[PDB]
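Q: File follows, structure_18.pdb with PDB, C-alpha atoms:
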```pdb
ATOM      1  CA  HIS X   1      12.369  28.058 -26.748
ATOM      2  CA  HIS X   2      13.216  29.245 -23.214
ATOM      3  CA  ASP X   3      15.854  27.074 -21.471
ATOM      4  CA  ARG X   4      16.798  23.567 -20.302
ATOM      5  CA  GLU X   5      14.226  23.912 -17.504
ATOM      6  CA  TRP X   6      12.073  21.185 -19.076
ATOM      7  CA  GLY X   7      14.988  18.751 -18.980
ATOM      8  CA  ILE X   8      15.874  19.788 -15.430
ATOM      9  CA  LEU X   9      12.288  19.185 -14.292
ATOM     10  CA  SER X  10      12.164  15.832 -16.093
ATOM     11  CA  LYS X  11      15.405  14.689 -14.448
ATOM     12  CA  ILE X  12      14.165  15.881 -11.043
ATOM     13  CA  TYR X  13      10.914  13.944 -11.477
ATOM     14  CA  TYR X  14      12.782  10.842 -12.684
ATOM     15  CA  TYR X  15      15.505  11.021  -9.991
ATOM     16  CA  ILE X  16      13.552  11.295  -6.733
ATOM     17  CA  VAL X  17      11.724   8.057  -5.892
ATOM     18  CA  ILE X  18      11.478   6.378  -9.300
ATOM     19  CA  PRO X  19      14.928   4.681  -9.151
ATOM     20  CA  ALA X  20      14.276   3.633  -5.549
ATOM     21  CA  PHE X  21      10.933   2.052  -6.459
ATOM     22  CA  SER X  22      12.310   0.492  -9.672
ATOM     23  CA  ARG X  23      15.742  -0.695  -8.512
ATOM     24  CA  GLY X  24      14.792  -4.302  -9.284
ATOM     25  CA  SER X  25      12.652  -3.606 -12.361
ATOM     26  CA  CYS X  26      14.590  -1.065 -14.476
ATOM     27  CA  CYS X  27      15.779  -2.492 -17.794
ATOM     28  CA  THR X  28      15.987  -1.394 -21.412
ATOM     29  CA  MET X  29      13.087  -2.341 -23.684
ATOM     30  CA  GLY X  30      13.369  -3.238 -27.355
ATOM     31  CA  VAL X  31      11.379  -1.884 -30.293
ATOM     32  CA  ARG X  32      10.039  -4.415 -32.803
ATOM     33  CA  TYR X  33       8.415  -1.739 -34.963
ATOM     34  CA  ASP X  34       9.354  -3.563 -38.175
ATOM     35  CA  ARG X  35       7.484  -6.640 -36.890
ATOM     36  CA  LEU X  36       4.544  -4.931 -35.134
ATOM     37  CA  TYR X  37       3.680  -2.416 -37.876
ATOM     38  CA  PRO X  38       1.609  -4.776 -40.109
ATOM     39  CA  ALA X  39      -0.340  -6.100 -37.103
ATOM     40  CA  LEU X  40      -2.000  -2.713 -36.513
ATOM     41  CA  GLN X  41      -1.601  -1.300 -40.036
ATOM     42  CA  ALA X  42      -4.697  -3.123 -41.349
ATOM     43  CA  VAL X  43      -7.674  -1.508 -39.596
ATOM     44  CA  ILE X  44     -11.234  -1.680 -40.943
ATOM     45  CA  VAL X  45     -14.655  -0.681 -39.626
ATOM     46  CA  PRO X  46     -18.170  -0.963 -41.109
ATOM     47  CA  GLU X  47     -20.003   2.250 -41.910
ATOM     48  CA  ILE X  48     -22.204   3.597 -39.107
ATOM     49  CA  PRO X  49     -25.380   5.414 -40.244
ATOM     50  CA  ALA X  50     -25.908   8.922 -38.905
ATOM     51  CA  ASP X  51     -28.920  10.256 -36.955
ATOM     52  CA  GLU X  52     -28.395   7.549 -34.326
ATOM     53  CA  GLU X  53     -26.739   7.078 -30.927
ATOM     54  CA  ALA X  54     -23.293   5.554 -30.523
ATOM     55  CA  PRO X  55     -23.229   2.532 -28.180
ATOM     56  CA  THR X  56     -21.678   3.048 -24.752
ATOM     57  CA  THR X  57     -20.656  -0.461 -23.693
ATOM     58  CA  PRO X  58     -19.303  -3.117 -26.119
ATOM     59  CA  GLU X  59     -21.826  -5.743 -24.995
ATOM     60  CA  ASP X  60     -25.149  -4.787 -26.610
ATOM     61  CA  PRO X  61     -26.537  -7.185 -29.252
ATOM     62  CA  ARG X  62     -26.776  -4.306 -31.758
ATOM     63  CA  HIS X  63     -22.986  -3.947 -32.020
ATOM     64  CA  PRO X  64     -21.963  -4.613 -35.654
ATOM     65  CA  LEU X  65     -18.792  -6.421 -34.509
ATOM     66  CA  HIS X  66     -20.496  -8.761 -32.019
ATOM     67  CA  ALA X  67     -23.799  -9.864 -33.570
ATOM     68  CA  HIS X  68     -22.612 -11.941 -36.536
ATOM     69  CA  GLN X  69     -19.404 -10.353 -37.886
ATOM     70  CA  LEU X  70     -16.828 -11.058 -35.173
ATOM     71  CA  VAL X  71     -14.473 -13.665 -36.779
ATOM     72  CA  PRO X  72     -11.134 -14.574 -35.122
ATOM     73  CA  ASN X  73      -8.592 -13.044 -37.559
ATOM     74  CA  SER X  74      -5.802 -11.113 -35.800
ATOM     75  CA  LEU X  75      -7.060  -7.523 -35.615
ATOM     76  CA  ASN X  76     -10.460  -8.769 -34.434
ATOM     77  CA  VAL X  77      -9.055 -10.808 -31.537
ATOM     78  CA  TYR X  78      -6.666  -7.963 -30.689
ATOM     79  CA  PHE X  79      -9.637  -5.583 -30.484
ATOM     80  CA  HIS X  80     -11.564  -8.116 -28.395
ATOM     81  CA  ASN X  81      -8.622  -8.303 -25.980
ATOM     82  CA  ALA X  82      -7.929  -4.543 -25.801
ATOM     83  CA  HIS X  83     -11.293  -2.968 -26.684
ATOM     84  CA  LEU X  84     -11.404  -0.572 -23.717
ATOM     85  CA  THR X  85     -13.321   2.337 -25.318
ATOM     86  CA  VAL X  86     -11.392   1.988 -28.586
ATOM     87  CA  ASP X  87     -14.310   1.736 -31.052
ATOM     88  CA  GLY X  88     -16.425   4.571 -32.456
ATOM     89  CA  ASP X  89     -14.846   8.012 -32.316
ATOM     90  CA  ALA X  90     -11.748   6.556 -30.640
ATOM     91  CA  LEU X  91     -11.392   4.209 -33.618
ATOM     92  CA  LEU X  92     -11.892   7.151 -35.985
ATOM     93  CA  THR X  93      -9.184   9.181 -34.234
ATOM     94  CA  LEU X  94      -6.849   6.168 -34.292
ATOM     95  CA  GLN X  95      -7.459   5.796 -38.037
ATOM     96  CA  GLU X  96      -6.692   9.495 -38.504
TER      97      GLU X  96
ATOM     98  CA  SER P   1      -2.254 -11.184 -58.349
ATOM     99  CA  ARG P   2      -3.284 -13.126 -55.233
ATOM    100  CA  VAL P   3      -0.650 -15.881 -55.139
ATOM    101  CA  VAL P   4       0.665 -16.453 -51.613
ATOM    102  CA  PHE P   5       3.875 -18.059 -52.901
ATOM    103  CA  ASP P   6       5.259 -14.652 -53.920
ATOM    104  CA  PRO P   7       4.631 -11.939 -51.264
ATOM    105  CA  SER P   8       4.893  -9.086 -53.778
ATOM    106  CA  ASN P   9       1.796  -9.217 -56.027
ATOM    107  CA  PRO P  10      -0.958  -8.883 -53.356
ATOM    108  CA  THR P  11       0.557  -5.822 -51.675
ATOM    109  CA  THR P  12      -1.350  -2.705 -52.779
ATOM    110  CA  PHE P  13      -3.085  -3.610 -56.047
ATOM    111  CA  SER P  14      -5.399  -6.127 -54.353
ATOM    112  CA  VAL P  15      -5.702  -4.043 -51.162
ATOM    113  CA  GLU P  16      -6.527  -0.491 -52.288
ATOM    114  CA  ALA P  17      -9.116  -1.582 -54.878
ATOM    115  CA  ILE P  18     -11.679  -2.925 -52.383
ATOM    116  CA  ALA P  19     -12.029  -3.440 -48.640
ATOM    117  CA  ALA P  20      -8.950  -5.130 -47.187
ATOM    118  CA  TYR P  21     -10.930  -7.458 -44.893
ATOM    119  CA  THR P  22     -11.435 -10.077 -47.614
ATOM    120  CA  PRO P  23      -7.756 -10.096 -48.744
ATOM    121  CA  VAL P  24      -6.688 -10.260 -45.087
ATOM    122  CA  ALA P  25      -8.969 -13.247 -44.470
ATOM    123  CA  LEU P  26      -7.737 -14.934 -47.656
ATOM    124  CA  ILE P  27      -4.099 -14.432 -46.629
ATOM    125  CA  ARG P  28      -4.814 -15.769 -43.135
ATOM    126  CA  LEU P  29      -6.609 -18.842 -44.506
ATOM    127  CA  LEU P  30      -3.977 -19.463 -47.229
ATOM    128  CA  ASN P  31      -1.028 -20.078 -44.848
ATOM    129  CA  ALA P  32       1.952 -17.709 -45.239
ATOM    130  CA  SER P  33       4.155 -18.817 -48.153
ATOM    131  CA  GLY P  34       5.310 -21.841 -50.103
ATOM    132  CA  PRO P  35       8.412 -22.185 -52.275
ATOM    133  CA  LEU P  36      10.489 -19.067 -51.592
ATOM    134  CA  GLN P  37      13.253 -19.997 -54.056
ATOM    135  CA  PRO P  38      11.449 -19.246 -57.383
ATOM    136  CA  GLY P  39      10.391 -15.711 -56.537
ATOM    137  CA  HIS P  40      11.375 -12.323 -55.158
ATOM    138  CA  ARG P  41      11.658 -13.489 -51.555
ATOM    139  CA  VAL P  42      14.793 -11.382 -50.971
ATOM    140  CA  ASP P  43      14.500  -7.947 -49.335
ATOM    141  CA  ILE P  44      11.279  -8.610 -47.438
ATOM    142  CA  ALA P  45      11.507  -5.120 -45.912
ATOM    143  CA  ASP P  46      10.392  -3.482 -49.167
ATOM    144  CA  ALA P  47       7.500  -5.937 -49.515
ATOM    145  CA  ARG P  48       6.397  -5.258 -45.935
ATOM    146  CA  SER P  49       6.635  -1.495 -46.479
ATOM    147  CA  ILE P  50       4.601  -1.570 -49.698
ATOM    148  CA  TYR P  51       2.013  -3.868 -48.092
ATOM    149  CA  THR P  52       1.644  -1.523 -45.114
ATOM    150  CA  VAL P  53       1.407   1.471 -47.466
ATOM    151  CA  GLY P  54      -1.377  -0.255 -49.396
ATOM    152  CA  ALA P  55      -3.174  -1.164 -46.174
ATOM    153  CA  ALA P  56      -2.942   2.443 -44.967
ATOM    154  CA  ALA P  57      -4.275   3.707 -48.303
ATOM    155  CA  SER P  58      -7.192   1.262 -48.147
ATOM    156  CA  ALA P  59      -7.966   2.273 -44.555
ATOM    157  CA  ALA P  60      -7.877   5.967 -45.479
ATOM    158  CA  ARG P  61     -10.178   5.355 -48.452
ATOM    159  CA  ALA P  62     -12.621   3.413 -46.265
ATOM    160  CA  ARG P  63     -12.573   6.149 -43.613
ATOM    161  CA  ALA P  64     -13.212   8.825 -46.247
ATOM    162  CA  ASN P  65     -16.078   6.791 -47.719
ATOM    163  CA  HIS P  66     -17.663   6.178 -44.301
ATOM    164  CA  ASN P  67     -17.095   9.748 -43.028
ATOM    165  CA  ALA P  68     -20.445  11.016 -44.286
ATOM    166  CA  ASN P  69     -21.221  12.739 -40.958
ATOM    167  CA  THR P  70     -17.919  14.658 -40.611
ATOM    168  CA  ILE P  71     -16.701  16.683 -43.595
ATOM    169  CA  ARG P  72     -15.892  20.166 -42.204
ATOM    170  CA  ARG P  73     -12.625  20.673 -40.319
ATOM    171  CA  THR P  74     -10.679  23.677 -39.045
ATOM    172  CA  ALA P  75      -7.510  24.452 -37.088
ATOM    173  CA  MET P  76      -6.912  24.682 -33.343
ATOM    174  CA  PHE P  77      -4.287  27.438 -33.150
ATOM    175  CA  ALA P  78      -5.614  30.978 -32.711
ATOM    176  CA  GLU P  79      -4.228  34.444 -33.504
ATOM    177  CA  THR P  80      -3.133  33.256 -36.956
ATOM    178  CA  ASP P  81      -4.163  36.539 -38.625
ATOM    179  CA  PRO P  82      -3.532  40.211 -37.791
ATOM    180  CA  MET P  83      -7.311  40.823 -37.770
ATOM    181  CA  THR P  84      -8.133  39.046 -34.510
ATOM    182  CA  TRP P  85      -9.859  41.913 -32.691
ATOM    183  CA  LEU P  86     -13.020  39.815 -32.189
ATOM    184  CA  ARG P  87     -13.837  36.433 -30.667
ATOM    185  CA  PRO P  88     -15.045  33.817 -33.191
ATOM    186  CA  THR P  89     -17.306  30.861 -32.436
ATOM    187  CA  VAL P  90     -15.870  28.453 -29.867
ATOM    188  CA  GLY P  91     -17.976  25.332 -30.363
ATOM    189  CA  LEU P  92     -16.354  21.953 -29.801
ATOM    190  CA  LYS P  93     -14.223  19.471 -31.729
ATOM    191  CA  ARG P  94     -15.182  15.908 -32.732
ATOM    192  CA  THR P  95     -15.709  14.709 -29.159
ATOM    193  CA  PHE P  96     -19.373  13.679 -29.202
ATOM    194  CA  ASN P  97     -21.680  11.102 -30.728
ATOM    195  CA  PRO P  98     -22.899  11.995 -34.246
ATOM    196  CA  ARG P  99     -26.438  13.334 -33.794
ATOM    197  CA  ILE P 100     -26.798  16.590 -35.745
ATOM    198  CA  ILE P 101     -24.363  15.898 -38.591
TER     199      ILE P 101
ATOM    200  CA  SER A   1     -31.678 -51.284 -23.955
ATOM    201  CA  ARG A   2     -30.437 -50.125 -20.542
ATOM    202  CA  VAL A   3     -29.734 -53.443 -18.789
ATOM    203  CA  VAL A   4     -26.242 -54.142 -17.443
ATOM    204  CA  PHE A   5     -26.810 -57.906 -17.705
ATOM    205  CA  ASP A   6     -26.183 -57.869 -21.484
ATOM    206  CA  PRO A   7     -24.419 -54.580 -22.324
ATOM    207  CA  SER A   8     -22.436 -55.942 -25.293
ATOM    208  CA  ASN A   9     -24.922 -54.622 -27.865
ATOM    209  CA  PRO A  10     -26.076 -51.385 -26.115
ATOM    210  CA  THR A  11     -22.645 -49.793 -25.726
ATOM    211  CA  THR A  12     -22.274 -46.822 -28.104
ATOM    212  CA  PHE A  13     -25.342 -46.192 -30.277
ATOM    213  CA  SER A  14     -27.802 -46.823 -27.438
ATOM    214  CA  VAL A  15     -25.962 -44.379 -25.166
ATOM    215  CA  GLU A  16     -25.602 -41.767 -27.918
ATOM    216  CA  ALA A  17     -29.283 -41.935 -28.895
ATOM    217  CA  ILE A  18     -31.044 -42.033 -25.520
ATOM    218  CA  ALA A  19     -30.414 -39.542 -22.730
ATOM    219  CA  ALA A  20     -28.227 -40.148 -19.682
ATOM    220  CA  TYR A  21     -31.149 -39.777 -17.253
ATOM    221  CA  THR A  22     -32.083 -43.471 -17.376
ATOM    222  CA  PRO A  23     -28.519 -44.805 -16.803
ATOM    223  CA  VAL A  24     -28.023 -42.176 -14.080
ATOM    224  CA  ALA A  25     -31.189 -43.364 -12.330
ATOM    225  CA  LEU A  26     -30.121 -46.996 -12.753
ATOM    226  CA  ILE A  27     -26.720 -46.246 -11.198
ATOM    227  CA  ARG A  28     -28.352 -44.336  -8.333
ATOM    228  CA  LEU A  29     -30.762 -47.205  -7.631
ATOM    229  CA  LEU A  30     -27.915 -49.750  -7.915
ATOM    230  CA  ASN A  31     -25.782 -47.992  -5.236
ATOM    231  CA  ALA A  32     -22.020 -48.030  -5.905
ATOM    232  CA  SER A  33     -21.640 -51.684  -6.909
ATOM    233  CA  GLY A  34     -22.465 -53.705 -10.001
ATOM    234  CA  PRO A  35     -22.379 -57.384 -10.977
ATOM    235  CA  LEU A  36     -19.285 -57.942 -13.116
ATOM    236  CA  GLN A  37     -20.037 -61.629 -13.789
ATOM    237  CA  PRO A  38     -22.867 -61.333 -16.369
ATOM    238  CA  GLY A  39     -22.119 -59.928 -19.794
ATOM    239  CA  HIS A  40     -18.771 -59.035 -21.325
ATOM    240  CA  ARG A  41     -17.444 -57.076 -18.339
ATOM    241  CA  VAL A  42     -13.973 -58.329 -17.405
ATOM    242  CA  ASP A  43     -12.768 -56.990 -14.031
ATOM    243  CA  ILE A  44     -13.815 -53.380 -13.336
ATOM    244  CA  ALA A  45     -11.303 -51.166 -15.189
ATOM    245  CA  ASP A  46     -12.791 -52.105 -18.569
ATOM    246  CA  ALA A  47     -16.321 -51.385 -17.329
ATOM    247  CA  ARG A  48     -15.216 -48.035 -15.893
ATOM    248  CA  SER A  49     -13.518 -47.102 -19.174
ATOM    249  CA  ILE A  50     -16.627 -48.085 -21.148
ATOM    250  CA  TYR A  51     -18.831 -46.000 -18.848
ATOM    251  CA  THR A  52     -16.516 -42.983 -19.075
ATOM    252  CA  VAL A  53     -16.241 -43.096 -22.874
ATOM    253  CA  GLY A  54     -20.013 -43.513 -23.151
ATOM    254  CA  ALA A  55     -20.594 -40.512 -20.893
ATOM    255  CA  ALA A  56     -18.085 -38.480 -22.918
ATOM    256  CA  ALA A  57     -19.808 -39.436 -26.179
ATOM    257  CA  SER A  58     -23.218 -38.533 -24.741
ATOM    258  CA  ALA A  59     -21.901 -35.166 -23.537
ATOM    259  CA  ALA A  60     -20.337 -34.467 -26.940
ATOM    260  CA  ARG A  61     -23.597 -35.347 -28.702
ATOM    261  CA  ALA A  62     -25.565 -33.094 -26.342
ATOM    262  CA  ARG A  63     -23.118 -30.232 -26.927
ATOM    263  CA  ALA A  64     -23.359 -30.701 -30.699
ATOM    264  CA  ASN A  65     -27.166 -30.709 -30.509
ATOM    265  CA  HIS A  66     -27.222 -27.573 -28.338
ATOM    266  CA  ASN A  67     -24.607 -25.788 -30.482
ATOM    267  CA  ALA A  68     -27.369 -24.591 -32.835
ATOM    268  CA  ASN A  69     -28.438 -21.853 -30.401
ATOM    269  CA  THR A  70     -24.869 -21.142 -29.209
ATOM    270  CA  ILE A  71     -21.574 -20.126 -30.817
ATOM    271  CA  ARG A  72     -18.799 -22.490 -31.858
ATOM    272  CA  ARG A  73     -16.075 -23.017 -29.272
ATOM    273  CA  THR A  74     -12.555 -21.680 -29.785
ATOM    274  CA  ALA A  75      -9.153 -22.543 -28.361
ATOM    275  CA  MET A  76      -7.463 -20.422 -25.706
ATOM    276  CA  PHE A  77      -4.546 -19.676 -28.052
ATOM    277  CA  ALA A  78      -4.518 -19.157 -31.808
ATOM    278  CA  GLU A  79      -1.389 -21.046 -32.957
ATOM    279  CA  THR A  80      -2.338 -20.143 -36.547
ATOM    280  CA  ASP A  81       0.405 -17.658 -37.482
ATOM    281  CA  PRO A  82       2.757 -19.260 -40.031
ATOM    282  CA  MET A  83       4.083 -15.770 -40.884
ATOM    283  CA  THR A  84       6.261 -15.439 -37.795
ATOM    284  CA  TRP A  85       8.756 -13.203 -39.616
ATOM    285  CA  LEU A  86       5.986 -10.878 -40.829
ATOM    286  CA  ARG A  87       3.992 -10.251 -37.636
ATOM    287  CA  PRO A  88       2.846 -12.232 -34.581
ATOM    288  CA  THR A  89      -0.714 -13.136 -33.624
ATOM    289  CA  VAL A  90      -2.214 -12.540 -30.176
ATOM    290  CA  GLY A  91      -4.480 -15.003 -28.386
ATOM    291  CA  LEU A  92      -8.222 -14.939 -27.795
ATOM    292  CA  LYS A  93      -9.980 -14.106 -24.508
ATOM    293  CA  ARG A  94     -13.710 -14.707 -24.985
ATOM    294  CA  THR A  95     -15.577 -12.306 -22.690
ATOM    295  CA  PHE A  96     -18.842 -11.887 -24.624
ATOM    296  CA  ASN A  97     -22.127 -13.634 -23.906
ATOM    297  CA  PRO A  98     -22.006 -17.266 -25.124
ATOM    298  CA  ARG A  99     -25.694 -17.061 -26.084
ATOM    299  CA  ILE A 100     -27.049 -15.260 -29.137
ATOM    300  CA  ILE A 101     -29.223 -12.951 -27.024
TER     301      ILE A 101
END
```
Please go through the file and, once you have read it, give me the structure as structure tokens.
A:
Amino acid sequence: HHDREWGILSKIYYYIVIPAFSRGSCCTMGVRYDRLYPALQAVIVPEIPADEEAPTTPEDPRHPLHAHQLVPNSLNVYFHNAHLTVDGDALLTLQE
Amino acid sequence: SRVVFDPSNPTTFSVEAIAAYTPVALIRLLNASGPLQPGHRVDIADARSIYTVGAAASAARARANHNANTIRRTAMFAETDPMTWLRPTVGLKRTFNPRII
Amino acid sequence: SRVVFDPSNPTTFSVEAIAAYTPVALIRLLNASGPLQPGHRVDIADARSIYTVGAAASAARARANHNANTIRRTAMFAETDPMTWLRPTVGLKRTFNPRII
């Protein structure tokens, strides 16, 4: 588009204090995509009626996934572990 | 088409027809597999790919069915036409709780 | 029966049925020493083991009785993923309210 200025800036940002602060913690990381794809591939959510207000915190008794339909499974426990503002419209955008 | 011994029949046919929660629970409660010799246990990559494709199709169908409050969509890029001498409506994207629609 | 003189018969069903308040009060009123001569109480290790197993059974019965208004307990880890080659399963960290309301 314009030049290698983006790469130059990225290398400058990554070669100032990052190696010094990660001398003892820099290592290559693997990618188990072929094993982690089915874990997050199956995503479901009950229908939410309109003309209402989306819940703010995932602790109210009116939550459809907390009242009586929690179940352990794998996706359910994963969502329970990492449910930091991931439901609702965030869940819809993730599904998209 | 729901036998857990062969991981090729319940891949998309039993997933895209209805909600995948019940097949997922059945698979979880029915162990993983049994005798892998009398079956198409070879090339598990294709089975995994078709299962994930079926799961994605089921999720998309469920999202389309439940998306009764969001049906109109547009683009984000501007100046896509030569006749851009005016300023259209700005509005906002899907970044709010569903109250009006 | 809640008498330590003849505890051969009231060992399991008597402890499970009645509450622990009466044996707790009896122990409190009988300081930290008990007569090991009467009844079928050889030495003190056997008596201590009987008391501990009775207390455990009473606690389990109380938990089962009170489980109607609570949710069933779950293990810290799942350990229910026979399909290791397909995908792994994460653990469970219960952070919700243990009560219904």
Q: Over all Cα atoms in order, fit chain A to chain P and jot down the RMSD to one decimal place.
A: 4.1 Å
Q: Report as JSON, numbers by chain the residues that result from applying the PyMOL selection byres ((chain P) within 8 of (chain X)) to the structure here.
A: {"P": [19, 20, 21, 25, 28, 48, 52, 55, 56, 59, 60, 62, 63, 66, 68, 69, 94, 95, 96, 97, 98, 99, 100, 101]}
Q: Run the ChimeraX specification (/P :<8) & /A on the file and write out the hits as a PyMOL selection string.
A: chain A and resi 81-83+86
Q: List the neighbours of residue 90 of chain A out to 8 Å using all atoms listed in the file; skip same-chain residues closer than 6 positions along the sequence, and give me the result as a PyMOL selection string.
A: (chain X and resi 74+77-78) or (chain A and resi 77-78)
Q: Determine the residue membership of the PyMOL selection byres ((chain A and resi 54) around 12) for the file above and supply it as a PyMOL selection string.
A: chain A and resi 7+10-20+23+47-53+55-61
